[PDB]
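1. So I've got this experimental structure, pasted below with the sequence.
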Amino acid sequence: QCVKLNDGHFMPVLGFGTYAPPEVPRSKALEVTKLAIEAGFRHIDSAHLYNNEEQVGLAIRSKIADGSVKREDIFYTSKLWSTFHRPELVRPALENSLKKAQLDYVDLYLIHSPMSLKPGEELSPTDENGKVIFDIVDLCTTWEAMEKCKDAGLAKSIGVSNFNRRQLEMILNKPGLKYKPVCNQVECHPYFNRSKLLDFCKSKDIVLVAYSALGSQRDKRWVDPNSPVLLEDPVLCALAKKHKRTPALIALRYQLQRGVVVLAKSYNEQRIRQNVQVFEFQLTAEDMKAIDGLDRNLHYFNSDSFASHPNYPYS
Ligand SMILES: NC(=O)c1ccc[n+]([C@@H]2O[C@H](COP(=O)([O-])OP(=O)(O)OC[C@H]3O[C@@H](n4cnc5c(N)ncnc54)[C@H](OP(=O)(O)O)[C@@H]3O)[C@@H](O)[C@H]2O)c1
Ligand SMILES: Cc1ccc(S(=O)(=O)NC(=O)NN2C[C@H]3CCC[C@H]3C2)cc1
């Protein structure tokens, strides 16, 4: 159950989301990554930002050592954080991710976000009035350094995340482009279905990878507590009743049938195992149209500061 990427590599269509907020002890990521692998997940999404690559990498080594999987059975994604966009910083950022995880390579490396931040050791650099410090970087140069990570064998595939159409075209029209982005990992769910971006991506052989596909973790630091709770949506619950599944399963299946590769974060053993049942049933064309009607241009992530950034993707 994979999709063929535009560089000839294969991505599993269901991915495991690994981010958990800092109140969750770091040992949990180790435990639940093992559980996801045990359940059947093979595509695993992490990032430098998530402060978990060591734990996720150790789960993977653990499941290889005990004979459940081989390295080449696992599709592992990491991401370049926005403080490392300057081209000279890209390779060392990846090498550090690889060292942490103890892998020789990632299956996929992404530019996490187009919103460049000031180089340094803070993930979130701020000035003397507490304002986040943006950086200005030609992302075409970042991308060239990404291509070099691929040729260097350190990333089998390269792509982007949180790019809008204009940003994607800037890469696609770059003079001397060697590798297209294989994907664009973006927020995508029935309340924000991205159909326009998705059709653009499809026209360019670029895979759209959905995050917050289950409505996000509703973290009080970035998500308005008054936003509607996706999985309480009454169309989603009535489809769940109809198919005898769950609303999460409806949300995940929706993405698969529209050609979207979908991530699903759970740190709960039974929900982890539930999510792999997405492959067991199908929505009707009329179900899919019903879900398509739910879009409300709702993005769960908000930060007013990021909105002023010149590369803010929702400009
Ligand atoms: N590129 C980016 O900028 C970006 C941004 C955000 C996320 N991501 C990636 O995408 C992953 C997923 O997105 P997300 O973290 O926003 O979460 P999500 O996949 O939208 O899931 C949100 C919540 O749904 C719950 N859930 C999972 N399965 C369930 C089921 N079957 N029934 C009921 N509830 C269920 C989980 O809680 P429990 O843990 O309690 O089950 C989870 O906290 C992330 O972990 C990360 O890998 C990338
Ligand atoms: C510190 C922290 C913040 C947020 C999250 S998270 O929001 O749960 N997950 C995620 O990957 N990153 N964010 C979405 C992107 C758009 C803007 C910049 C990026 C940040 C995890 C960890």
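-> Happy to help now that I have it. Residues are numbered from 1 along each chain as shown. Ligands and ions are numbered 1, 2, ... in the order given.
2. Just the element for the residue of the chain most remote from its centre, please.
-> What lies farthest from the middle of the chain is residue 128; by Cα atoms, centre = their mean that is 32.4 Å. Secondary structure assignment for residue 128, by DSSP states H and E: no helix or strand.
3. and it, what are its phi and psi?
-> Dihedral pair for residue 128: phi -70, psi -10, per degrees, to the nearest 10.
4. Get me the contact residues on the stretch 51-200 of the chain for ligand 1.
-> Taking Cβ under 6 Å from any ligand atom as the measure of proximity, the stretch 51-200 of the chain contacts ligand 1 at 112, 161-162, 185. C-beta coordinates here come from the backbone N, C-alpha and C atoms, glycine included.
5. Apply 8 Å and report the result again.
-> 79, 110, 112-113, 161-162, 185-187, 189 (Cβ under 8 Å from any ligand atom).
6. contacting residues around the one residue in the stretch 51-200 of the chain that gets nearest to ligand 1?
-> Across the stretch 51-200 of the chain, no residue is closer to ligand 1 than residue 161, which sits at 4.0 Å (Cβ to the nearest ligand atom). Applying Cβ atoms under 8 Å, 6 or more residues apart in numbering to residue 161 gives the contacts 79, 110-113, 184-186, 209.
7. Tell me how many other residues crowd the closest residue to it other than its chain neighbours.
-> The shortest distance from residue 161 to any non-neighbouring residue, by Cβ to Cβ, 6 or more residues apart in numbering, is to residue 185 (3.8 Å). By other Cβ atoms under 10 Å, 28 other residues sit near residue 185.
8. From residue 162, how far off is residue 82?
-> Counting by Cβ to Cβ, to the nearest Å, the gap from residue 82 to residue 162 is 10 Å.
9. just residue 180 next, same as before
-> For residue 180 relative to residue 162 (Cβ to Cβ), the value is 17 Å.
10. same deal with residue 52?
-> When distance is defined by Cβ to Cβ, residue 52 is 19 Å away from residue 162.
11. same thing with residue 131?
-> The value you get for residue 131 to residue 162, if Cβ to Cβ is used, is 21 Å.
12. Who has more neighbours out of these two?
-> residue 162 (24 against 11).
13. pretty sure that one contacts residue 139?
-> No. In this structure residue 162 lies outside contact range of residue 139 using Cβ atoms under 8 Å: 11.6 Å.
14. Pull up the overlap in contacts between these two.
-> Shared contacts of residue 162 and residue 139 (Cβ under 8 Å, 6+ apart): residue 114.
15. sorry, back to before: common neighbours of residue 82 and residue 162, please.
-> 112-113, 115.
16. Helices - which of those residues land there?
-> Among the shared contacts of residue 82 and residue 162, DSSP state H puts none in helices.
17. Show me which of those is closest to ligand 2.
-> Closest to ligand 2, out of all of those and judged by Cβ to the nearest ligand atom, is residue 113, at 4.1 Å.
18. my guess is that closest one contacts residue 162, does it?
-> Yes. Residue 113 lies in contact with residue 162 (Cβ under 8 Å); the separation is 4.5 Å.
19. shared neighbours, the two?
-> Contact with both residue 113 and residue 162 is made by residues residue 313, according to Cβ under 8 Å, 6+ apart.
20. Just the buried subset of the shared contacts of residue 82 and residue 162, written out for ChimeraX, thanks.
-> Buried residues among the shared contacts of residue 82 and residue 162 (16 or more other Cβ atoms under 10 Å), as a ChimeraX selection:
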select :112,113,115
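21. Can you lay out the shared contacts of residue 82 and residue 162 as a markdown table showing distance to residue 153?
-> What follows is the shared contacts of residue 82 and residue 162, written out as a markdown table (distance: Cβ to Cβ, whole Å):
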| residue | distance to residue 153 |
| --- | --- |
| 112 | 21 |
| 113 | 25 |
| 115 | 29 |
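22. Noted, bye for now.
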